[PDB]
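*Asks:* I would like to see how this sequence folds:
(7 chains, ligands or ions: 8)
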Amino acid sequence: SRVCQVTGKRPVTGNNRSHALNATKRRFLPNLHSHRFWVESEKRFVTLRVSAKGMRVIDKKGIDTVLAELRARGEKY
Amino acid sequence: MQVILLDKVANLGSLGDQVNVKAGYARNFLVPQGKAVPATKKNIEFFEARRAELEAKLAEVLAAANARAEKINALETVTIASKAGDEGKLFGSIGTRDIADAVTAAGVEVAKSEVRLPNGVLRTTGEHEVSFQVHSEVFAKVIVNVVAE
Amino acid sequence: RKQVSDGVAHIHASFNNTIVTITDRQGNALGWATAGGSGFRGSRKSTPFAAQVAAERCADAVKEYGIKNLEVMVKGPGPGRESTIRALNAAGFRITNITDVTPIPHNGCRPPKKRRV
Amino acid sequence: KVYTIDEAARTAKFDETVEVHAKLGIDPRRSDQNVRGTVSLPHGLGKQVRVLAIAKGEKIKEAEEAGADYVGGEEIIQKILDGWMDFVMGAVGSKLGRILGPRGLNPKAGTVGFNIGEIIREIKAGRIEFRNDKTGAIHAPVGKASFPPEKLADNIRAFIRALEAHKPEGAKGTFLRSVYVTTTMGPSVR
Amino acid sequence: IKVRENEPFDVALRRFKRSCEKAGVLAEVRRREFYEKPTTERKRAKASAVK
RNA sequence: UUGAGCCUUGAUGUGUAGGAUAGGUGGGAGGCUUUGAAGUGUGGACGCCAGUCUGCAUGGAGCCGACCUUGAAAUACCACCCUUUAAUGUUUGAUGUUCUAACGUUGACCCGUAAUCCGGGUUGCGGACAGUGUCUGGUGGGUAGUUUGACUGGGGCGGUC
RNA sequence: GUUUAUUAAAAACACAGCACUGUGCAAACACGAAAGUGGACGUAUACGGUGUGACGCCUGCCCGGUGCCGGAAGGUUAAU
Ligand SMILES: [Mg+2]
Ligand SMILES: [Mg+2]
Ligand SMILES: [Mg+2]
Ligand SMILES: [Mg+2]
Ligand SMILES: [Mg+2]
Ligand SMILES: [Mg+2]
Ligand SMILES: [Mg+2]
Ligand SMILES: [Mg+2]
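*Replies:* Residues are numbered from 1 along each chain as shown, chains lettered A, B, ... in the order given. Ligands and ions are numbered 1, 2, ... in the order given. The structure is reproduced below:
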């Protein structure tokens, strides 16, 4: 399902809001994308369905720390 | 990002600078093929320890691979016991492991392949000269005197 | 821009008009002028004169490469066929060789029909 | 430089041939290009004028002493009216217009001094300094400045001539001060 | 067709073109197809060219 | 590389009385050119082929002024430039050129595996495009929610408020 | 041939035939937030949509409006 493995981001519900202020149930979807990440410490490519923000989370924390987290909450990669 | 480099790296890098690169380039190419790394600050000082050490320290140690020759001109004369044929012309002859082994064997300790006797290298008696090598730019002259005993 | 000296004068001489273009040996267009584009329209431009005045116009335009000698290929019937080269000899040009290149079918395409005037 | 390289006037004869041509804005909406009554300039400059004013058969004995040379007459209004190569300047206000002897036919001369008591009273200086520069075609400014007898001493005209910015219109950016002439050209900013 | 005229002269010298092309096969092909009517033409070209 | 800004370097003007193809005002009674010219002779060239400029050159030494006319007088010289055009840049894209490593592969192959899924790997083909997320202009009876007045010798029409 | 099972069987629907138009295949199109699947284990002599309706003899003029197709220099114009 459209869930970022780094951040938990997922679809949210809201309204489109016309000029005349008509609300209509709508969705916001996270900017998802599956990305191969070279894990040096694992001589392997781990590919993650991540949100763009996710990627930035990975760039800052470093993929080892992030995978460390998935491992910590038994999110299987 | 910022990211600090590893190898030389083309139109931007250096060998250990703190450039700034588009993340698309950092992930996907550079860091994976370890040519650079996240400037995680933790790191940028991992590099400050690496800005004092090898450089400031081991180049006044090549100021010792250099001041070995401050003792190349303060003696400036070894003699070789090599005689003379029919007119003061060496009955012997002295090369590099003769001018490095008859250099080492005193207070003048040189590495045997650090003695340039361009050939003369050698074919007569008396005083000669040689080019003594310890550094790439700083060598030093002496005077050699094949003594006919 | 550039220079060439050795060249060719190309003239398209039809009945309604005659168009002149100077080009190097390798037919690569150096300058041009038309009997119609120098004034005269109608019976006006269908004249050996209008052609003469064109050949002229066309020189001051390709002397833009200090041309010196040029072969001369002549195509079509109608006036200014030859009158347009007389203008050229004088204009100030050596004039090597002269060929007629009016194309001739070995009887193929049916030509237009009428002209019940 | 930051101000104006007045020393950027270093083979004619004299270089008072340098000109106050500071820029101004377009006419977007409504805006004009005007010069007041003889723009003086905190600087005498050293100009002995020939000021042609329309005074009377009275002020020929002190209204000729006020930074000038002569003053036209009342007999010489239309009596000196019979030649083209025969015939700043001004006229005294209140109730006096001159288009019956100053309107016909393409010149520029309107400001002098409106006096009904003194021909050159105690304190009235400012006339014999500089001329007038109004709207020409695309803008205004055109005039003259300093000379080859000053350094940044004619830069009293720098903060007192390019400081002559009058209300802009609505869609412009009227600032760009430059001068020079008779040899080359240049300047700085504004 | 071709005149590669050489040195001393200025005149055209191309009387050649009044020996073949131009108004020859050109005035010819320019217009009405013909078909069987040249036969009527050339049938007068011999009645003439007899004398 | 090329469309728009903006900043310097150089262009140029056939209203009428005339020495003659006067752009508007302004400094302005002399600068200039041997820091090697007028004009003959061509070069690139703008174009209403009416004539202008110049890097170059044969060249070899003075032209000018209110001079009287013209609503406005100097190719005497210079400008801040408008008519409109042209040559480096600055940077912005944008259009374009390749690369491969993100990403697509509903080509081929290997293994998990006796598997037309899926995963990993190899290879080829594409490639920073495509595609998707957020934002945004357009279109949108395909769907949806509704509106579509009252008087009235019934109602509607007409008329009226 | 079909059809209003239960007041209409017909001139209505379908039909072979014809035309227009979309579609280069991961087709267009359609059921699906999606994966996936029909189209098709097909590939322009194929597949979809629309209208006309064996066949014979034919199918004239109009592009102003509305719809569509192409076009782009200018004008107008969104987030930014
Ligand atoms: Mg509805
Ligand atoms: Mg409701
Ligand atoms: Mg009612
Ligand atoms: Mg029934
Ligand atoms: Mg029945
Ligand atoms: Mg079909
Ligand atoms: Mg029907
Ligand atoms: Mg029809």
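
*Asks:* of all the residues in chain D, which ones are close to RNA strand F?
*Replies:* Within chain D, the residues that sit near RNA strand F (Cβ under 7 Å from any atom of the strand) are D:11-13, D:16-19, D:21-23, D:83-85, D:105-108, D:131-139, D:141-144, D:176, D:178, D:180-186. In this view, the C-beta of every residue, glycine as well, is placed from N, C-alpha and C.

*Asks:* try it again with 6 Å
*Replies:* Residues of chain D found near RNA strand F (Cβ under 6 Å from any atom of the strand) are D:11-13, D:16-17, D:19, D:21, D:23, D:84-85, D:105-106, D:108, D:131, D:133-134, D:136-138, D:141-144, D:176, D:178, D:181-182, D:185.

*Asks:* Verify the contact between residue D:126 and residue D:41 for me.
*Replies:* No: taking Cβ atoms under 8 Å as the contact criterion, residue D:126 and residue D:41 are not neighbours in contact, 9.1 Å apart.

*Asks:* If you count surrounding residues, which of the two has more?
*Replies:* For residue D:126 and residue D:41, the more surrounded residue by other Cβ atoms under 10 Å in any protein chain shown is residue D:41, and the numbers stand at 21 against 15.

*Asks:* separation between the more buried one and residue D:131?
*Replies:* When Cβ to Cβ, to the nearest Å is the yardstick, residue D:41 and residue D:131 sit 10 Å from each other.

*Asks:* same question, residue C:109
*Replies:* Plainly put, residue C:109 is 82 Å away from residue D:131 if you go by Cβ to Cβ.

*Asks:* So which of those two has more stuff around it?
*Replies:* Here residue C:109 and residue D:131 are set side by side on neighbour count (other Cβ under 10 Å), and the busier one is residue D:131, at 15 against 7.

*Asks:* In this structure that one contacts residue D:88, no?
*Replies:* Yes: proximity of residue D:131 to residue D:88 meets the contact threshold set by Cβ under 8 Å, at 6.2 Å.

*Asks:* Need the residues touching each of the two.
*Replies:* residue D:38 (Cβ atoms under 8 Å, 6 or more residues apart in numbering or on different chains).

*Asks:* Which parts of chain B are strands?
*Replies:* Taking DSSP state E as the criterion, chain B carries its strands at B:4-5, B:36-37, B:78-81, B:115-116, B:126-128, B:131-132, B:144-147.

*Asks:* what's near enough to touch residue C:22?
*Replies:* For residue C:22, the set of contacting residues under the criterion of Cβ under 8 Å, 6+ apart consists of C:7-10, C:29-32, C:58-59, C:61-62, C:67, C:70.

*Asks:* Return the subset of those lying in strands.
*Replies:* Secondary structure assignment (DSSP E) places C:7, C:8, C:9, C:10, C:31, C:32, C:70 from the contacts of residue C:22 within strands.

*Asks:* What residues are bridge-paired with the second one?
*Replies:* The residues listed as beta-bridge partners of residue C:8 by DSSP bridges are residue C:23, residue C:71.

*Asks:* How many residues are close by it?
*Replies:* In terms of burial, residue C:8 registers 22 neighbours under the definition other Cβ under 10 Å.

*Asks:* ok so, going back, so which of the ones in strands among the contacts of residue C:22 is the most crowded?
*Replies:* Note: the member of the ones in strands among the contacts of residue C:22 with the most neighbours is residue C:9, at 27 neighbours, neighbours being other Cβ under 10 Å.

*Asks:* Spatially nearest residue to that residue (excluding sequence neighbours)?
*Replies:* Of all residues beyond its chain neighbours, the one nearest residue C:9 is residue C:72 (4.6 Å), with distances taken as Cβ to Cβ, 6 or more residues apart in numbering or on different chains.

*Asks:* and the one you found, how far is that from chain B?
*Replies:* According to Cβ to the nearest Cβ, to the nearest Å, residue C:72 and chain B sit 57 Å apart.

*Asks:* do residue C:33 as well
*Replies:* Residue C:33 sits at a distance of 53 Å from chain B (criterion: Cβ to the nearest Cβ).

*Asks:* Assess the claim that that residue and residue C:17 are in contact.
*Replies:* No: with contacts counted by Cβ under 8 Å, residue C:33 stays clear of residue C:17, the gap being 11.4 Å.

*Asks:* what about whichever residue of chain E sits closest to chain B, distance to chain A?
*Replies:* With Cβ to the nearest Cβ as the measure, residue E:4 is the residue of chain E nearest to chain B, at 60.8 Å. Plainly put, residue E:4 is 74 Å away from chain A if you go by Cβ to the nearest Cβ.

*Asks:* That residue touches residue C:72, doesn't it?
*Replies:* No: counting by Cβ under 8 Å, residue E:4 does not reach residue C:72; the two are 11.2 Å apart.

*Asks:* circling back to that earlier point, between the contacts of residue C:22, which sits nearest chain A?
*Replies:* Sorting the contacts of residue C:22 by distance to chain A puts residue C:29 at the head of the list, at 54.8 Å, by Cβ to the nearest Cβ.

*Asks:* do you know how far the closest one is from RNA strand F?
*Replies:* According to Cβ to the nearest atom of the strand, to the nearest Å, residue C:29 stands 13 Å off from RNA strand F.

*Asks:* Spatially central residue in chain B, please.
*Replies:* What sits nearest the mean C-alpha location of chain B, by Cα atoms, centre = their mean, is residue B:135, with 3.3 Å.

*Asks:* what about that one, distance to chain E?
*Replies:* Counting by Cβ to the nearest Cβ, the gap between residue B:135 and chain E amounts to 80 Å.

*Asks:* what residues are up against that residue?
*Replies:* Contact analysis of residue B:135 by Cβ under 8 Å, 6+ apart lists B:62, B:65, B:66.

*Asks:* and the last one, how many residues sit next to it?
*Replies:* Right, the one you point to is residue B:66. Using other Cβ under 10 Å as the criterion, residue B:66 is surrounded by 17 other residues.

*Asks:* same thing with residue D:172?
*Replies:* Applying other Cβ under 10 Å, I find that residue D:172 has 15 neighbouring residues.

*Asks:* Name the nearest residue to it, ignoring sequence neighbours.
*Replies:* Once its chain neighbours are removed from consideration, residue D:172 has its nearest residue in residue D:25; the separation is 2.3 Å (Cβ to Cβ, 6+ apart).

*Asks:* For the one you found, pull up the helix or strand it's in.
*Replies:* With the criterion set as DSSP states H and E, no secondary-structure element contains residue D:25; it sits in neither a helix nor a strand.

*Asks:* which neighbours do residue E:4 and residue C:72 share?
*Replies:* Counting by Cβ under 8 Å, 6+ apart, the shared contacts of residue E:4 and residue C:72 are C:96, C:97.

*Asks:* So which residues of chain D form helices?
*Replies:* All residues of chain D lie outside helices when identified by DSSP state H.

*Asks:* Quick one: the helices in chain E, in order.
*Replies:* Under DSSP H, chain E gives helices at E:25-29, E:38-42, E:44-48.

*Asks:* I meant chain A, not that one.
*Replies:* Here chain A has its helices, by DSSP H, at A:52-61, A:63-72.

*Asks:* right, and these - which one's nearest chain C?
*Replies:* Taking Cβ to the nearest Cβ as the criterion, chain C comes closest to helix A:52-61 out of those, the separation being 53.4 Å.

*Asks:* tilt between the closest one and helix A:63-72?
*Replies:* Helix A:52-61 and helix A:63-72 are oriented at 110 degrees to each other (axes from the mean of the first three to the mean of the last three Cα atoms, to 10 degrees).

*Asks:* now for helix A:52-61, which elements pack on it?
*Replies:* Using 3 or more Cβ pairs under 8 Å, 6 or more residues apart in numbering or on different chains; DSSP states H and E as the contact definition, the elements that helix A:52-61 packs against are strand A:32-39, strand A:44-51, helix B:23-25.

*Asks:* Grab the most central residue of chain E for me.
*Replies:* The geometric centre of chain E, computed from its C-alpha atoms, lies nearest to residue E:24 (Cα atoms, centre = their mean), at 2.3 Å.
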